[PDB]
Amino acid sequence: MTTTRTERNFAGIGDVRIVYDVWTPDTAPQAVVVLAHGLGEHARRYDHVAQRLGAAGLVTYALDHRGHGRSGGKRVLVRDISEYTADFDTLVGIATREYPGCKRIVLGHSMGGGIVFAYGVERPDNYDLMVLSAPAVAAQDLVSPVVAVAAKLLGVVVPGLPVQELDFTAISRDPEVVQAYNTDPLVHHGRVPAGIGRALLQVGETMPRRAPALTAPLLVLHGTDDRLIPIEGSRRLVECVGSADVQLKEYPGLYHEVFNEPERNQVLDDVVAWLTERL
C-alpha cells in the first residue's frame, strides 16, 4: 500500500489557523479516522500510525491542535476543553462531508484521548468507533492538590502559567523516541501549563458521571509500566462507559506512548483487527 499525505488548514475557534494532514491510501476507503495527538506534540509524530491504518484501507485526518505543531495560537495555550473539542468537531465534519458513506473512527492519545472522550460524551451519535491510547481522563488523580487548585483558579486568566513538570523520559522506553521528542523544534519542551491542566481537570472531574453517555464501541490501549498516566485509570474508565462493546488492552511492560514503543507494530495490528471487524 501507498498512503499519501496532503496538508490542509481550517479556521478554528478564535480564528486560529488549524493545520491538518489527510492520509489517503491507494485502495477503496473503508472508513475515516479522525486523530487527536497529545500535550506538546503534533500530528507528524503519527506518520507511522496513519501509514498502518492506510494499509487497512483507512483514511486518516490528523490536526495539530491550537498552540501545537504547525497550527497557530500561543504555544500550549487553552482556556477551556471546548476549544479543543470544537476544532476536533470541525475536523470530524470535514471528514464526514468528504467521505459521506464511511464509518467514522475517533482516535486520541493522552491529552488527545481526553479530548476525544470529551467529544464523544457530547456527541455520542456523531461517530461509530472510538480508540483511546492512555487517555487523560482522570487528571485529578495525577497532580497534587496544590497543582489542581492553581490550574483551576488560574487556567482561564493565566492559561500559560507553568504548573507541572513532565518527565519526558517516561514517554517511551526506546531512547531514540525520547531523543526524537526532545530534539523536535515543534514539540513543547517546557512544563504543563495551567490552561491545559484546567481543561483536563474539566474532563476528569466528571468522567464517571459522563462516561455512561457513550454508546458506541470503545477500545482502550495502555502500557502497564506507564508512569505518566497510571493504567488503573483506564481500568476505571472501561467500568464507567455505557457501551457493552468495550475493551482495555493492557501491554505488559510498555511505557506511555504505546504507538511508539518497540512493540508498536503489535499494538497497531491489534487496533486494526479491532477496527476492521467492526466496520
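Residue numbers run from 1 along the displayed sequence.
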Worksheet entry | Between 74 to 82 and 181 to 189 (mean CA B-factor, as deposited), the higher | 181 to 189
Worksheet entry | 268 to 276 or 3 to 11, whichever carries the higher mean Cα B-factor | 3 to 11
Worksheet item: Between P208, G160, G197, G114, where does the Cα B-factor run highest in the record?
Response: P208
Discussion item. Quiz for you: based on the deposited Cα B-factor, which of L107, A150, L91, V137 is highest?
Written reply: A150
Item to complete: Could you tell me which third, lowest, middle or highest, the C-alpha B-factor of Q164 occupies within its chain?
Response: highest
Practice prompt. Divide the modelled residues of the chain into thirds by Cα B-factor and specify which third, lowest, middle or highest, holds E122.
Written response: middle
Worksheet item: What third of its chain, lowest, middle or highest, does the C-alpha temperature factor of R45 fall into?
Response: middle
Worksheet item: Within this chain, which third does the Cα B-factor at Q202 fall in: lowest, middle or highest?
Response: middle
Response to the item:
Here the Cα B-factor of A213, set against its chain, lands in the third termed highest
